[PDB]
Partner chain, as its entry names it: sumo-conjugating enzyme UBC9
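Just one chain follows, in the form deposited without the partner chain, and it is written as structure tokens.
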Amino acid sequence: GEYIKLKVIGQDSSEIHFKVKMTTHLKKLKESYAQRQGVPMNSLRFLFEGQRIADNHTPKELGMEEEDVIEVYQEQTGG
């Protein structure tokens, strides 16, 4: 086990998929996605099973598997 594909679901139901190592910090995925949407990374919250993905979280830590989904929500007002 090395790489898995994660599906990132955009706010408009578009998707971008990322191949990541099980030990890669998910900051890299968050930054890439935000860059590709042209929005500041801190305007977004990235959720796995409804829980907030921190910059330092890894797929291994969060228990992610092949084709698991990450949802992108706008940050909450004041968050």
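Numbering follows the first chain given and starts at 1.
Student: Do the CA atoms of 66-74 or those of 21-29 have the higher mean B-factor in the entry?
Tutor: That would be 21-29.
Student: Place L44 in the lowest, middle or highest third of its chain's C-alpha B-factors, as listed in the PDB entry.
Tutor: Within its chain, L44 is a middle-third residue by C-alpha B-factor, going by the deposited values.
Same protein, other form: the form solved in complex with the partner chain, not shown, and the subject of what follows.
Student: What are the residues of 37-74, in order along the chain, with a heavy atom within 4.5 Å of the partner chain in the deposited complex?
Tutor: Sequence-ordered list: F48, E49, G50, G63, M64, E65, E66, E67, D68, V69, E71, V72, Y73.
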